[PDB]
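Colleague: In terms of the deposited numbering, the sequence shown has 39 at position 39, counting the first letter as 1, and numbering is strictly consecutive.
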Amino acid sequence: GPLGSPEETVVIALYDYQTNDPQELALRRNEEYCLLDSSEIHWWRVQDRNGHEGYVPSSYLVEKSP
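Below, the structure written as structure tokens:
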């Protein structure tokens, strides 16, 4: 891993989110997600701990800043 990502921020899922289409991803209560794109609560691009990235609601995600 010589290079990194534009967004080294993480977010925590507040509630189990569920999408209707494959375009977006689902969230899981008490879980972290590697934030990639955060333009607005409308859609937040994050990545799971498996290697997949998708869109999710920011309203159900908290900025992991301990």
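Note that the Cβ used here is the ideal one computed from N, Cα and C, for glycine as well.
With burial defined as no fewer than 16 other Cβ atoms inside 10 Å of the residue's Cβ, what is the status of residue 61: buried or exposed?
Modeller: Classification of residue 61: buried, given that the 10 Å Cβ count is 16 or more.
Colleague: Tell me which same chain residues have a C-beta within less than 7 Å of the C-beta of residue 34, skipping the five on either side of it?
Modeller: Excluding residues within five positions, the ones whose Cβ falls inside 7 Å are 10, 46 and 47.
Colleague: Give the range of the beta strand (DSSP E) segment to which residue 32 is assigned.
Modeller: Segment 32 to 40, the beta strand (DSSP E) holding residue 32.
Colleague: Count the other CB atoms within 10 Å of the CB of residue 25; is the residue buried (16 or more) or exposed (fewer)?
Modeller: Answer is buried; the Cβ neighbour count reaches 16.
Colleague: Note down the Cα distance separating residue 49 from residue 42, rounded to an integer number of angstroms.
Modeller: One C-alpha to the other measures close to 23 Å.
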